[PDB]
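Here is the structure we will look at, set down as C-alpha cells.
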Amino acid sequence: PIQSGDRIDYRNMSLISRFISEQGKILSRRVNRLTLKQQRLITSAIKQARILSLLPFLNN
Amino acid sequence: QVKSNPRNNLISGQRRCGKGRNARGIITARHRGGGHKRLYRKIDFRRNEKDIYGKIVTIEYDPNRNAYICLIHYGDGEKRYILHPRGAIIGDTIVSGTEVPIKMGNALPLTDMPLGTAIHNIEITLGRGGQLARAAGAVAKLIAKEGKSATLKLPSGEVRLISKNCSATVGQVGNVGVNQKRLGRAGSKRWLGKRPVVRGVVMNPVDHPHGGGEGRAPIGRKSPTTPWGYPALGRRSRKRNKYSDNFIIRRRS
Amino acid sequence: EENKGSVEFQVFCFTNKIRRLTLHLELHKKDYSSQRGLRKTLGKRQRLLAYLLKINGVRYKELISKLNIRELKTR
Amino acid sequence: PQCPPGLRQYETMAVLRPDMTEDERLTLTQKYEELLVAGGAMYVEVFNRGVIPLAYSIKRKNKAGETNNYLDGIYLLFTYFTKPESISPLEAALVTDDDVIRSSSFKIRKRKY
Amino acid sequence: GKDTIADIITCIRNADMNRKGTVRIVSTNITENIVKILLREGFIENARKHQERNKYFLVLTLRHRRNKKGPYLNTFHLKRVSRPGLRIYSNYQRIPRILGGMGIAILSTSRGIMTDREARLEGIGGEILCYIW
RNA sequence: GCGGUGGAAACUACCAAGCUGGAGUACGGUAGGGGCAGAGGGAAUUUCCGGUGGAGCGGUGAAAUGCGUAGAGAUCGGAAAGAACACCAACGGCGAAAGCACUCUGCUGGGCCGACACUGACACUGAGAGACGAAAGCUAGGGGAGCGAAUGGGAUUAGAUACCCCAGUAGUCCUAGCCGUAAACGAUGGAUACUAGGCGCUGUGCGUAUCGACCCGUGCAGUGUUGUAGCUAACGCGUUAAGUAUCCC
Ligand SMILES: [Mg+2]
Ligand SMILES: [Mg+2]
Ligand SMILES: [Mg+2]
Ligand SMILES: [Mg+2]
Ligand SMILES: [Mg+2]
Ligand SMILES: [Mg+2]
Ligand SMILES: [Mg+2]
Ligand SMILES: [Mg+2]
Ligand SMILES: [Mg+2]
Ligand SMILES: [Mg+2]
Ligand SMILES: [Mg+2]
Ligand SMILES: [Mg+2]
Ligand SMILES: [Mg+2]
Ligand SMILES: [Mg+2]
Ligand SMILES: [Mg+2]
Ligand SMILES: [Mg+2]
Ligand SMILES: [Mg+2]
Ligand SMILES: [Mg+2]
Ligand SMILES: [Mg+2]
Ligand SMILES: [Mg+2]
Ligand SMILES: [Mg+2]
Ligand SMILES: [Mg+2]
Ligand SMILES: [Mg+2]
Ligand SMILES: [Mg+2]
Ligand SMILES: [Mg+2]
Ligand SMILES: [Mg+2]
Ligand SMILES: [Mg+2]
Ligand SMILES: [Mg+2]
Ligand SMILES: [Mg+2]
Ligand SMILES: [Mg+2]
Ligand SMILES: [Mg+2]
Ligand SMILES: [Mg+2]
Ligand SMILES: [Mg+2]
Ligand SMILES: [Mg+2]
Ligand SMILES: [Mg+2]
Ligand SMILES: [Mg+2]
Ligand SMILES: [Mg+2]
Ligand SMILES: [Mg+2]
Ligand SMILES: [Mg+2]
Ligand SMILES: [Mg+2]
Ligand SMILES: [Mg+2]
Ligand SMILES: [Mg+2]
Ligand SMILES: [Mg+2]
Ligand SMILES: [Mg+2]
Ligand SMILES: [Mg+2]
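Here is the structure:
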C-alpha cells in the first residue's frame, strides 16, 4: 500500500509532515506501518529539519 | 624554554635599591630585604608600535615577574620584550594594529575583539600602557560591549567597565604551572628576598595589639587586629566614593 | 597479486594495520574499544609467526628481519 | 553525474538573515565557494532558496553587539566534494560570520531501502 | 570435531532416539570399517555412500520401530570407551564382553578393526573404540 | 612390575608429501544509541534586572516551619548559567562485559552476508600474567542550576536519632589519576558436532512479483515466544538446551 519511492530527506517537507503529529511529535513505527530502516531515517530527518527551523519543536 | 642569551639593550641595572624603605628611610613595606641581585628587563607593555610584523626569537627567564618573557624582533631590527602568551612557540609571528587577525599574541583595541575572547595585558587608559592581567596564568574574558564602554571579567572574578578604545592582547599569559611549585624549605623563600614574619600573638603588648598574656594568648581583643589597630577580618577598605565606582559592576566573589 | 593468502603477505597486512593503528592509539588514548581490537590483531600475527616458525625456519627469519617485526618470545 | 576520486560527498545548509541584499548574498556565496575550492573541492555546486518563514524564532548576536531576533531566513544549499580532512575549518568559519545565523552540514549516503 | 569416532556414534544415537531410520554421517576409513562391522553384526539395516563437493556421506538405514513408536521395549545403545583424554587398552585376557556377549565390543588392533569375537579367535588385544548394546 | 630379544602396523605418537569442510587473508557489499575526539540545538528549571498588580503563596492524612506589604506567588519582557536529552521507544539496534540515544562531522574497532580469489590445520581452551571494569569513595584543579547522604528546623509518635514537610553541605558534572567491588544475573564458563515443529522480528542473499515498493517462497547470521523427543528432585529447560556426545578451565 503506502510506500516511499522518492528519496526521503530533511528537505521534503510533505514527506516528513505526513509522519508528524498535530503537536509536532513524531509518530511511532507501528502507526506509520514502515520498515524499521525507514522509520529510523525518518526520525533522524525530522530532528535535523527541526534544528534548521523547517519544522517546529513546539507550536505557536 | 630557558636558555641565557647575551644582554640586549633591554636589560639594565638601574633601580630602586632599598626594598621597602621610603624617602625617610623607614621600613614601610615589611619583610623585604635579602635575596639575589636582579636586573630590570624593559618590557614593552604598550606595544604601541603599530603595523610592523614581529617575530619571536627566543623565550627567556625573568626574575621580576612569574610569567615568562619573549624577545621579539622586527624587520626594522628593533627588539622588544613582550609577556609570553600561553602556547606560543619560537618562530611564531605577532603583530599589533587595528584591523588584525585574532590569534595568540596579537594586540588590538577592544572595538575589534569578538565577544567571549580571552585577553591579557589590558590598558585601562589610552596609551598609558597595559596594566590588568599581567601575571602567570592570568586571563580575562570580554563578555559584552555597549556604548563607548566594554565589559570584562577580571581574573579576580570582578566584572568591570573600561574604554572600548584601550588596547589589549589575545591569549592567556604563559607559565601556568608556577604556583604548582612547592618551595620545600625556608632558604627558598629567603632567595626571593622575603624575610620571616612574626605572628602578632607572640610580641609584647607594646609591639602589637595581641600582646603577651601569660602562657599563650588567645586574642582577647574582641576582634582580630592589624599591627595598627584596625579590624583584621572583613572590613572593606575600598575608598567609598572613588572615581572608579561608575565603572565597577559586580564585585569579586 | 603474489599470494594474498600466503603467510608472509598476511603477516605483512597485520604488521601494517598495527603500525597504522598505533597513530590513532596515540592521538586518542581513551579509546579502549580500538585497543582491544589492536590486541586481537597483534595476537593473530603472533600466531601466524609461531606457526611459520614451526613449519619453515628460513622463511620465518627472513620475514621478521624484513618487516622489522620483533624477534619471538621463545628464546 | 557526480564521480569523486578520493573525496567525500557533502551537503551543507546555511541560513542567513532576511535583511540582506543580493549583492551581500553573492559576496558570501563567492567567499565560501572560494573557501571550498581552496580546500580542494572539485565540483562546487551552489543552489539557493531564500526568504521562508522559520519554524521558530532565532536569536543571533553580532560583532557590533546587536541582538537580532528573526522570523524569516535565507537558505543556501551546497553540494560539494571535499577531502574528509578539510571539512573541519568550514563549519567553524560558517558559525563565525554574523550573516550566518544557523548552519549545519551533512554527509550524503546513497539510499538503499 | 575433536573426535570423529564419538561423533559418528553420537549421530547414530541421536537419530535412533528420535525414531528415524535414516542418518547422514561423514565417511572415513575408520567410519567405513566401523559401519561394515555394524552391518555384519546386524545392528543396522543397510549402508551406502554419497559424494558432493569432495565430501563423502554414508547414509545408514536403521532397524524399524518396535511394533509402534510409542511402546518401545528396546533402544540401541552406544558408548565411547577409549577417548582422547584416556586411552584404554587391553591384553588378550582382559578383552571385554558385553552383557554376557549379547552385545559386542569394537577393537582397533594390529590386524585392523574387529569385534571381540575375532580377537578371541586370533588371540590379539588392542585399543577399545566402543561398546555396543 | 621391570629388563633383554623376535615379530604385527589398525589407533595415539613421529617422518615425507598431499587435500579443503575447520581457522584466516584479499575483494565487493550493507545495518548499527560500538568507542574516542571536535562543532551545534531546543524545551524546562533556578537566580538576577525591569513593567503590571496588590494578599496571600507554598505545603500535608490534617497542620506547622518556610517565603510575603522591605510588594511574594501570578503574568509579560529581558539577560546568565549549569545539567539532562520529551515524542520517536518496540516483548527494537550495537557492544567482550560494564554500558551506549537531541543533532552533526572527523579518527577508528569489530560483525554478518555473496563470490573460490588465495594460504593450507595456521585450530579450541587457558594455570600464572595483562587490559577493560556500574555506582559509591579518594587525591589535585576546575564547575555548581536542579537533585540530595550528612546537618538543622517543623510535625507524627509513649519515644522517632525514621517514614512526611521546609531549608540545605559533601557529592552528582569536567580534566588527570587511583580504587577493582555489585542480584557485574540468563543467578546458566568457552569451542564443536548432532537431534519435530508452530508463531514472530533484524540484517542481508537467491528465485518469483513487477522489470521498483511490496509480495511471496527459501539460504544463511543473530534475536523472542509457545512446545515433541529427551532431561530434571520438582519447578521447568527444550536447536540461544539445563538434551545426546568430545576437549580445555
Ligand atoms: Mg648587563
Ligand atoms: Mg652590551
Ligand atoms: Mg635621608
Ligand atoms: Mg606563612
Ligand atoms: Mg610567623
Ligand atoms: Mg614573649
Ligand atoms: Mg616598629
Ligand atoms: Mg595597645
Ligand atoms: Mg592578648
Ligand atoms: Mg594559661
Ligand atoms: Mg601393560
Ligand atoms: Mg617386555
Ligand atoms: Mg600407518
Ligand atoms: Mg603435514
Ligand atoms: Mg565527546
Ligand atoms: Mg532558548
Ligand atoms: Mg501599583
Ligand atoms: Mg515568617
Ligand atoms: Mg531587599
Ligand atoms: Mg508599585
Ligand atoms: Mg515571580
Ligand atoms: Mg547556555
Ligand atoms: Mg548482541
Ligand atoms: Mg543514558
Ligand atoms: Mg564502522
Ligand atoms: Mg598447496
Ligand atoms: Mg586466570
Ligand atoms: Mg583500571
Ligand atoms: Mg563516581
Ligand atoms: Mg570522607
Ligand atoms: Mg574536588
Ligand atoms: Mg547549591
Ligand atoms: Mg530539596
Ligand atoms: Mg530533625
Ligand atoms: Mg548553618
Ligand atoms: Mg521531635
Ligand atoms: Mg533548594
Ligand atoms: Mg576518572
Ligand atoms: Mg564477588
Ligand atoms: Mg547490570
Ligand atoms: Mg507482509
Ligand atoms: Mg540461528
Ligand atoms: Mg525462556
Ligand atoms: Mg520453552
Ligand atoms: Mg541441572
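Chains as they are written, first to last, in full-length UniProt numbering: chain V, 21 to 80; chain P, 19 to 271; chain X, 16 to 90; chain D, 99 to 211; chain F, 2 to 134.
We put the beta carbon where it would ideally sit given N, CA and C, even for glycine.
So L192 of chain D and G171 of chain D are in contact, right, with Cβ under 8 angstroms, and what is the actual spacing, rounded?
-> Position 94 of the fourth sequence holds residue 192 of chain D. Position 73 of the fourth sequence holds residue 171 of chain D. Rounded to the nearest angstrom, the Cβ distance from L192 of chain D to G171 of chain D is 15 angstroms, too far for a contact under 8 angstroms.
Under 9 angstroms between C-beta atoms, does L179 of chain P make it to chain D?
-> In the second sequence, the residue the question calls residue 179 of chain P occupies position 161. Cβ-Cβ to chain D under 9 angstroms: no for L179 of chain P.
Is it right to say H43 of chain X is buried, meaning 16 or more other beta carbons lie within 10 angstroms of its own, or is it exposed?
-> As a first step, residue 43 of chain X is located in the third sequence; it is residue number 28 there, counting from the start. Per the 10 Å Cβ criterion, exposed.
To which residues of the same chain is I10 of chain F closer than 7 angstroms at the C-beta, ignoring the five residues directly before and after it?
-> Numbered from its first residue, the fifth sequence carries residue 10 of chain F at position 9. Hits under 7 angstroms: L79, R81, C131.
Element boundaries [beta strand (DSSP E), containing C88 of chain P] = The count along the second sequence starts at 1 and reaches residue 88 of chain P at position 70. Secondary structure note for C88 of chain P: its beta strand (DSSP E) is the uninterrupted segment 87 to 91.
Could you name the residues of the region 144 to 173 of chain P whose beta carbon sits closer than 8 angstroms to any beta carbon of chain D, in the order they occur along the chain?
-> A162, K163, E164
Where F39 of chain V falls, given that 16 or more other Cβ within 10 Å makes a residue buried = On the first sequence, residue 39 of chain V is found 19 positions in, with the first residue counted as 1. The residue in question, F39 of chain V, is buried, as its Cβ has 16 or more Cβ neighbours within 10 Å.
Straight-line CA distance for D17 of chain F to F77 of chain F?
-> The residue given as residue 17 of chain F occupies position 16 in the fifth sequence. The residue given as residue 77 of chain F occupies position 76 in the fifth sequence. Straight-line Cα distance between these residues: approximately 7 angstroms.
Could you check how far apart the C-beta atoms of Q50 of chain X and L40 of chain X are, in whole angstroms? I think they sit under 8 angstroms.
-> Sequence index remark: in the third sequence, residue 50 of chain X carries index 35 (1-based). Sequence index remark: in the third sequence, residue 40 of chain X carries index 25 (1-based). Indeed they touch by this definition, with Cβ atoms about 6 angstroms apart.
Residues near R147 of chain D by beta carbon distance below 6 angstroms, same chain, minus five either side | As a working note, residue 147 of chain D is residue 49 in the fourth sequence. Contacts found: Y173.
Segments assigned alpha helix (DSSP H), at least 4 residues, entirely inside the region 21 to 77 of chain F = 30 to 42, all fully within the region 21 to 77 of chain F.
Compare the C-beta of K57 of chain V against all C-beta atoms of chain D and say whether one is closer than 9 angstroms.
-> As a first step, residue 57 of chain V is located in the first sequence; it is residue number 37 there, counting from the start. So, interface residue.
Could you tell me how far apart the beta carbons of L126 of chain P and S185 of chain P are, in whole angstroms, since I believe they sit closer than 8 angstroms?
-> Position 108 of the second sequence, counting from 1, holds the residue named residue 126 of chain P. Position 167 of the second sequence, counting from 1, holds the residue named residue 185 of chain P. Correct: roughly 7 angstroms between the Cβ atoms.
From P102 of chain D to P103 of chain P, what distance separates their C-alpha atoms?
-> Here residue 102 of chain D is taken as the residue at index 4 of the fourth sequence, counted from 1. Here residue 103 of chain P is taken as the residue at index 85 of the second sequence, counted from 1. Roughly 43 angstroms separates the two Cα atoms.
Using a Cβ-Cβ cut-off of 9 angstroms, state whether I71 of chain V counts as contacting chain D.
-> As a position in the first sequence, residue 71 of chain V is number 51, starting the count at 1. Yes, because at least one Cβ of chain D sits closer than 9 angstroms to the Cβ of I71 of chain V.
Note down the Cα distance separating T110 of chain D from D117 of chain D, rounded to an integer number of angstroms.
-> Here the question's residue 110 of chain D lines up with position 12 in the fourth sequence. Here the question's residue 117 of chain D lines up with position 19 in the fourth sequence. As the crow flies, the alpha-carbon of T110 of chain D is around 22 angstroms from that of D117 of chain D.
Are any of the Cβ atoms in chain D nearer than 9 angstroms to that of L128 of chain P?
-> On the second sequence, position 110 is the one that residue 128 of chain P refers to. With 9 angstroms as the cut-off, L128 of chain P does not count as an interface residue toward chain D.
Is the Cβ of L152 of chain D closer than 9 angstroms to any Cβ of chain V?
-> Numbered from its first residue, the fourth sequence carries residue 152 of chain D at position 54. Judged by the 9 angstroms Cβ criterion, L152 of chain D is in contact with chain V.
Going by DSSP, which residues form a beta bridge with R178 of chain P?
-> In the second sequence, counting from the first residue as 1, residue 178 of chain P sits at position 160. Partner(s): P:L170, P:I266.
Nearest candidate by alpha-carbon position, reference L63 of chain F, set F:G22, F:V36, F:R41, F:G86 = Along the fifth sequence, read from residue 1 onward, the residue named residue 63 of chain F stands at position 62. Nearest option by C-alpha distance: F:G22.
Chain-ordered neighbours of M111 of chain D on chain V, where CB pairs are closer than 7 angstroms = By 1-based counting over the fourth sequence, the position of residue 111 of chain D is 13. Those within 7 angstroms of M111 of chain D in chain V are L72.
Hey, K159 of chain P and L170 of chain P: beta-carbon distance below 9 angstroms or not?
-> Start at 1 with the first residue of the second sequence, and residue 159 of chain P comes out as number 141. Start at 1 with the first residue of the second sequence, and residue 170 of chain P comes out as number 152. Yes, Cβ-Cβ distance for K159 of chain P and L170 of chain P is below 9 angstroms.
Is the distance from the Cβ of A250 of chain P to the Cβ of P242 of chain P below 9 angstroms?
-> Along the second sequence, read from residue 1 onward, the residue named residue 250 of chain P stands at position 232. Along the second sequence, read from residue 1 onward, the residue named residue 242 of chain P stands at position 224. Contact: yes.
Can you tell me which of P:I140, P:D80, P:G175 puts its alpha carbon nearest to the alpha carbon of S181 of chain P?
-> The sequence position of residue 181 of chain P within the second sequence is 163, counting from 1. The shortest Cα separation from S181 of chain P among P:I140, P:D80, P:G175 belongs to P:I140.
Since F27 of chain X sits in a beta bridge, which residues does DSSP pair it with?
-> As a first step, residue 27 of chain X must be located in the third sequence, where it is residue number 12. BP columns for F27 of chain X are empty, so no partner.
Span of the alpha helix (DSSP H) holding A16 of chain F?
-> Here the question's residue 16 of chain F lines up with position 15 in the fifth sequence. Run containing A16 of chain F: 6 to 18, per the alpha helix (DSSP H) assignment.
Verify whether the separation of the beta carbon atoms of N52 of chain V and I62 of chain V is less than 9 angstroms.
-> What you label residue 52 of chain V is simply residue 32 of the first sequence in a count that begins at 1. What you label residue 62 of chain V is simply residue 42 of the first sequence in a count that begins at 1. It is a contact, given that the beta carbons lie within the stated cut-off.
Going straight from the alpha carbon of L72 of chain V to that of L114 of chain D, what length do you get?
-> Looking up residue 72 of chain V in the first sequence gives position 52. Looking up residue 114 of chain D in the fourth sequence gives position 16. Whole-angstrom Cα-Cα distance: 11 angstroms.
Neighbouring residues, chain V, relative to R209 of chain D (Cβ below 7 angstroms) = Here residue 209 of chain D corresponds to residue number 111 of the fourth sequence, with the count starting at 1. Residues of chain V passing the Cβ test: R27.
What does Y173 of chain D pair with, by DSSP beta-bridge criteria?
-> As a working mapping, residue 173 of chain D is identified with position 75 in the fourth sequence. DSSP output for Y173 of chain D lists D:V113, D:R147 as bridge partner(s).
Compile a chain-ordered list of the residues in the region 108 to 135 of chain P whose CB is closer than 8 angstroms to at least one CB of chain D.
-> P132, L133
Report the option in P:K212, P:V188, P:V215 whose CA atom is closest to the CA atom of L133 of chain P.
-> The residue given as residue 133 of chain P occupies position 115 in the second sequence. Here the closest residue by C-alpha is P:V188.
Could you tell me which of D:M140, D:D197, D:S186, D:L126 sits nearest to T177 of chain D, measuring between CA atoms?
-> Locating residue 177 of chain D in the fourth sequence gives position 79, where the first residue counts as 1. Among D:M140, D:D197, D:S186, D:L126, the Cα nearest to that of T177 of chain D belongs to D:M140.
Residue(s) in a DSSP beta bridge with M140 of chain D | Here the question's residue 140 of chain D lines up with position 42 in the fourth sequence. Answer is D:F179, bridged to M140 of chain D.
Would you identify the three-state DSSP class for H138 of chain P, choosing helix, strand or coil?
-> In the second sequence, residue 138 of chain P corresponds to position 120, counting from 1. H138 of chain P: strand per DSSP, three-state reduction.
Just list the alpha helix (DSSP H) runs in the region 23 to 54 of chain V, keeping only unbroken ones of 4 residues or longer that don't cross its boundaries, in chain order.
-> 33 to 38, 49 to 52
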